[PDB]
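Notes follow once the structure below has been shown.
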Amino acid sequence: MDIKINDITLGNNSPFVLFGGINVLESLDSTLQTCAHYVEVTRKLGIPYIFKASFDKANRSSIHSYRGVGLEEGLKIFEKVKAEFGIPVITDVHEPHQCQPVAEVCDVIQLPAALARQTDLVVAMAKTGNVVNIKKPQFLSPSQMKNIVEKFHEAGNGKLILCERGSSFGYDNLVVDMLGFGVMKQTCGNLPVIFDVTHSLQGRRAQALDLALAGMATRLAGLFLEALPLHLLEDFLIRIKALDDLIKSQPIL
Amino acid sequence: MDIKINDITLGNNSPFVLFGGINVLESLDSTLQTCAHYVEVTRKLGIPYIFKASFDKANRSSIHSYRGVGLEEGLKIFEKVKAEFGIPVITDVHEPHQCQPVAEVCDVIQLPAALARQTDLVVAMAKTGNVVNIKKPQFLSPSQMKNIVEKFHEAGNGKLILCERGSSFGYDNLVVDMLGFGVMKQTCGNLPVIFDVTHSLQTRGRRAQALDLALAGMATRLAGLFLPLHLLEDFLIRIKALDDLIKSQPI
Amino acid sequence: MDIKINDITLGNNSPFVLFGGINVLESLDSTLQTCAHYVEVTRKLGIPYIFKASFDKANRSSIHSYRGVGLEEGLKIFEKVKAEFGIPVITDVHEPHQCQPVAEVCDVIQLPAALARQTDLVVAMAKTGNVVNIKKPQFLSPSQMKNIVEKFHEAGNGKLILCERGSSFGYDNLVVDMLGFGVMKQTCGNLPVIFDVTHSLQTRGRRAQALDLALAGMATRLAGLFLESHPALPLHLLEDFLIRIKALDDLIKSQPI
Amino acid sequence: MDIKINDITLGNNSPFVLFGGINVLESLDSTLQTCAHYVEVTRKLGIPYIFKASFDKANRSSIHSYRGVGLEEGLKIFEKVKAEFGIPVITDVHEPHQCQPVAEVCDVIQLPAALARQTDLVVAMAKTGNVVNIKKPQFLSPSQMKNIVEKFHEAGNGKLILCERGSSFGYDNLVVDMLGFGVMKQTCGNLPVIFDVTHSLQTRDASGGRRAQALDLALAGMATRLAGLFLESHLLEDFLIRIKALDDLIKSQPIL
Ligand SMILES: [Cl-]
Ligand SMILES: [Cl-]
Ligand code: NA
């Protein structure tokens, strides 16, 4: 099943979509600069692009680390990105009360991995009718994603994306199970599946590339990143696009 | 470091405290009845006891499933338990705004494992000044518990309990690492460590298993245990025998 | 570092080599038939090929379970394969005393995963001077592979291939860490690394799975692929499967590191 | 099911048996000296004791690490340990042809974890009729131990001990699943189960150090009611006092 996000088609048999941007929204000028760079590079390569950032980082390394600009300013910055570049945007939500005001600006809203089984948040997100990105917790198997999907469906929303972020592997390490993509496709109605390569990785550039190419080889709707340096983005995306283009060009069976 | 909860001393070198009760609060009468049974059994064995229940089930089977009595009715039930039995109580909280009104009634407030890194909830719980039970997520190593402890300390609360619930082991399965208890004691200032044997097993009759696992964990020297046939009694008799032996040996 | 196996160049930046064949040697006719099919398919696709089979099942669930042809009969079958097709062959060895007579016939000899730390077998394999395929145990991390490599080097043999077969993941399940390939390459002198996709899946239709997993691994830039098929992928699907692996391998190998 | 090893009863309901000694046999005098220390400490505490060592250690971390005095001298040293102290002994075998001559002298023979599914070794060990200690591989679940047991039974030997060593847990680390003991007991006819605490720990890093760890882990395993404790290469006495306290408590109580 494909999902339309403005003029983008997102789907497991469609050209990959890049979801990228910054960690925490901290100012208008810096956000617009970064977004501009992603926009120019993805336009040059013909890669569909959705800008990502958090306005309210709920899990901070220390209490008093800056959470971001907050809801009211964060949504203004997202409106300005949409106005200036004409692209969709994505951001996470942490409380039921945030769902409506965030959904009425942001094209995709995201269920954080830690909150993925919090029924009240699922229902509130569902009721927006927006496109939803579900972050797979690292302790949840791919066959348990169906239960989360089922709850969204019960609440009346089937515009769901599944986002792989790796699985707990002993202490501290994560491993990405390349077979979990297919399990999620088979058990969840072939909803779009995207791969968060960044938060799957605890030099690092050779690693992120190897992992991103391996996951995209399995036929995915998109790639989700934060840890990549901005100027090397083009070389990186050239390689992902080469592989995606090859894979998607071949029939499934 | 010991923590006093009314007349109970909770600590890794003190007689173990049992934290037990029911999953979700459903009614006053059922709750009082269940509590009464725990109270009678723990009193006759001489085991300190804290009653546990949730007022709200945050992860439901269907969007349509009983959520439990809710905050307002849940707190009235807890007030009734405290009045009738004179024991401390423990419950979990899911949102920052709930922390203050819950902490007015409940002796121990509990940080759910899924929410253990949600900074706002941590701060709001810390600011109550109450005793806090931190549920260790199954994807977090024991050496990371110090980072949660550090946050509570910055927010001005050091009355923390660490609660082992098992570690992810492949898909849909847990294992308890018996060495994690000592790692948490060493790296977190010897705060009380308790063992949630029940959640540690939900992925695996089951009575032999819970006993084996509880005895094994309590052999490592812990502050507490978190969970016609008299099954609770027979179980606690054996835990207390081991706990008493282990606590009588020098460190 | 590349390794030459007759006319084949095996290396992490060379076109991938297929190591394939059957699980256990059962009959001479059935072996020649299966091999003939692998040979015809790989030749048409321009994929270098090494024929694989075991002459003995060492590890079966029952003491009476069928174990195969045995050493003496197995080596006569391997000689026949080499004579008829002119290709290299690969087989596993289980005891030190077998290494020399097996190495006299088989181009590549294979250290089973369960025996990978058995020092007497390592030393006897190393002393043959043959190319060795090391099966990475499922309990060994990729950074510990260097310790096995070090032992072969200590015993005077550096013609070593590292073969990924998946990692233990809870009870009775495996996961393939796509990053372990690059860890092996960096820590083991960039020796050829190959992927045994088949054993990596035996704990999990299955054709879609093997393809996804094989593609994902080969995306990381590997010297080869190691698999089984039965009359295990069905033998008839081999061509379509390899067409896809080769398309990806060719794309990946054409990009610079 | 209990197993008699001379005058020792090994069983999940019997006082625990200690299996310990040295890593590799090097010389008669040094072996006797070490064994004499284990013997004096275990006699003083009333703990049954089986001396362990390798004569040809086949899995050492270097190819030139000493494997031991070898089969002929190793067995002579074992005979002397038996004659001098009157205790049973245990050693590991890695090749089929070694099983018979080893079993002439060593009371218990041990199947290395890595070789546990190697059918030819299993059969050759079974055929000795001796007591066998099966080391559980770290990549094998406790419910797969029944398949190893079945093969020994098929080959005509039921005097089997199951030895826990931990399970793979991510890369490098091992974790001991305290529920695996009960699974092995339920599925394998309640054969004796012993715990190799040492192996279970060597992958683990660093007020306590490794001694506090080995003690915590040993006590946790013995709390599940086990036939014995198995150690690898004044502290032994203090350690055994604490294990014995717990073992005595646990074994004094009925199962159910
Ligand atoms: Cl994110
Ligand atoms: Cl193989
Ligand atoms: Na919207």
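To find a chain, count down the sequence lines: A is the first, B the second, and so on, and within it residues start at 1.
Test C/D250, C/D249, C/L222, C/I252 against C/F16 for side-chain contact (heavy atoms from CB on, under 4.5 Å) and you get one pass: C/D249.
Contact annotation: the side chain of A/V24 never approaches that of A/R67 to less than 4.5 Å [non-hydrogen atoms, C-beta and beyond]. Under the 4.5 Å side-chain criterion, counting only non-hydrogen atoms from C-beta, A/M184 is not in contact with A/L191. The closest side-chain heavy-atom distance from A/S167 to C/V175 is not below 4.5 Å. Two residues are said to be in side-chain contact when any heavy atoms from C-beta on lie closer than 4.5 Å; A/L71 and A/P101 meet this criterion. Side-chain contact between A/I63 and B/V122 is absent, with no heavy atoms from C-beta onward closer than 4.5 Å.
Taking OG1 from C/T220 and NZ from C/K185, the interatomic distance works out to 5.0 Å, rounded to the nearest 0.5 Å. Distance check, rounded to the nearest 0.5 Å: CG of C/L215 to CD of A/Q250 gives 8.0 Å.
With hydrogens and angles ignored, the 3.5 Å screen pairs a side-chain donor or acceptor of A/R165 with a backbone N or O of A/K136. In this structure, the side chain of A/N130 engages the main chain of A/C106 through a donor-acceptor pair within 3.5 Å. Formation of a donor-acceptor pair under 3.5 Å by the A/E164 side chain with backbone atoms of A/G166 is found in this model. In terms of modelled atom types and a separation under 3.5 Å, the side chain of A/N157 and the main chain of A/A126 share a donor-acceptor contact. In this structure a side-chain-to-backbone donor-acceptor pair under 3.5 Å is missing from B/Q144 to B/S141. Listed for the C/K253 side chain is a donor-acceptor partner under 3.5 Å among the backbone atoms of C/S14. The closest donor-acceptor contact from the side chain of A/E73 to the backbone of A/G70 lies at 3.5 Å or more, if one exists at all. Side-chain N or O atoms of B/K135 include none that pairs as donor or acceptor with a backbone N or O of B/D92 at under 3.5 Å. The backbone N or O of C/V193 lies less than 3.5 Å from a partner atom in the side chain of C/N12, making a donor-acceptor pair. The backbone N or O of A/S143 lies less than 3.5 Å from no partner atom in the side chain of A/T187, so there is not a single donor-acceptor pair.
Ring-plane geometry between A/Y38 and A/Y49 is classed as parallel, the angle between the planes falling under 30 degrees on a 0 to 90 degree scale with a further cut at 60. In this structure, B/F139 and A/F139 have parallel ring planes: the angle between them is below the 30° cut-off, well short of the 60° mark.
Taking 4.0 Å as the cut-off between side-chain N and carboxylate O, A/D210 and A/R239 do not count as a salt-bridged pair. Remark: B/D120 engages A/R60 in a salt bridge, criterion side-chain N to carboxylate O under 4.0 Å. A salt bridge links A/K82 with A/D107: at least one charged nitrogen is closer than 4.0 Å to a carboxylate oxygen.
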